[PDB]
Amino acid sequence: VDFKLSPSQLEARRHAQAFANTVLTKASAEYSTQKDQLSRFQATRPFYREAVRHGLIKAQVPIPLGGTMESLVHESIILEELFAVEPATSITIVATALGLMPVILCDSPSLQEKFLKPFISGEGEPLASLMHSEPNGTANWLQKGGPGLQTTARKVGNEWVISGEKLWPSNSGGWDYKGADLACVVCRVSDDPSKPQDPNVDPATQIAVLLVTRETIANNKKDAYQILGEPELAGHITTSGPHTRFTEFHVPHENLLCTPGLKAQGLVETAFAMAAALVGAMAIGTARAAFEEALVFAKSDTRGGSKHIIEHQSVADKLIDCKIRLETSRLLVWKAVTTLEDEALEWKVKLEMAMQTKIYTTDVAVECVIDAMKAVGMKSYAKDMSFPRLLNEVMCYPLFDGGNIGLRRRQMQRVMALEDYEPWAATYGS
């Protein structure tokens, strides 16, 4: 077993840090000046353009698909460094990556070639979105007996017709509310969009993913695709993840990602389990920024006393706790993404690892940021320090990407309850 970073991982770190310091630090000057969530997102466009030019969107797609992704550990390193500086634009990159994932993961070369093409060109500012989340919630979307998804799809001739509402998926409406360059819309199949989900069919058997591009939208009536609103978020105030209504929205059958059923659900589940492990790196970036800011402060400030405040056991205790949280978190993230790249391990072992990772790292990042503030004291509460921003940004992570309480803990619980559950398979082999 080894923890040593290769030259290309060190170089990926160097490159991510250089990009964040020279490009991302300037985003705040542009977006802070804007009035609402969409305008803040829009003032972020020149910085995503730079991200594209730095090869960062191409790095979200595997090499066999024409991208430059080196490995998931490389990716973990990048996100940490990005998020330790500025989640604006960084968020847009990872949300794009998530929106690409169902295409990346499907076993269909013609779809991949066609739909991933903008994202590997090194040009423009193409956006992708994985549109799963809804106004009514999604934690119980697979509950047998439940109403299931409320965005539904039905086949009419050689096309599918989308009826329903999405909320929260980042990037979904693109820069201009005319749509992301690629959207994967997760629907529950329903011949009659008025009828309740049959309580005798397993909901997983009814999942479809339909690909929607700016063209798919242009080919529909204006009112088939409506942006009803843009949430005003506590943190990550420069991301767009609007409220969208599909009314009789027409999609060619050839934009169906795969066969409806367990296979489509399986693509969603896999995309989101990967996000589950990677999200830890984002949480670590934010929590690390908080810890480093409080550490530097405690090593250089006496707070009107005779010694630097780090010399006070109660201050040191907080920073020790912060440090431990960060170190365990990063090890767990590298363990998780590594577990997910292991072809010899069954899916349930990977899924369990991914769930643990999202839960621990996101819960713990919050404590880390709050302990850092308590260490600094009153000064941390004002916006001449990073902490007010970090506080709001860190509370996103346990709630988003499938909240820990409703989704990730129940996904994990379900695995552990299975008769063939092997707790240590990812460590000691099966």
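Numbering starts at 1 and follows the sequence shown.
Mind pulling up the entry and telling me whether 62-70 or 372-380 has the higher mean Cα temperature factor? It is 62-70.
Regarding 352-360 and 239-247, which shows the higher C-alpha temperature factor on average in the entry? Stretch with the higher mean C-alpha B-factor: 239-247.
Of the choices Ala281, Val85, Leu228, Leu319, which one's C-alpha carries the largest B-factor in the record? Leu228 has the highest C-alpha B-factor of those listed.
From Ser190, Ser76, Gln313, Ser133, pick the one with the largest CA B-factor in the entry? Among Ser190, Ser76, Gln313, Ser133, the highest C-alpha B-factor in the entry belongs to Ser190.
How does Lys26 rank on Cα B-factor within its chain, lowest, middle or highest third? Tercile = highest for this residue's CA B-factor.
CA B-factor ranking of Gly402, expressed as a third of its chain: It belongs to the lowest third of the chain when residues are ordered by C-alpha B-factor.
Sorting the chain's modelled residues by C-alpha B-factor, tell me whether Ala12 ends up in the lowest, middle or highest third. Answer is middle: the recorded C-alpha B-factor places it there.
Name the third of the chain's ranked CA B-factors that contains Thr205, choosing lowest, middle or highest. Ranked within chain, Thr205 CA B lands in the middle tercile.
Should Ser306 be placed in the lowest, middle or highest third of its chain by the C-alpha B factor in the entry? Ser306: CA B-factor falls in the middle third of its chain.
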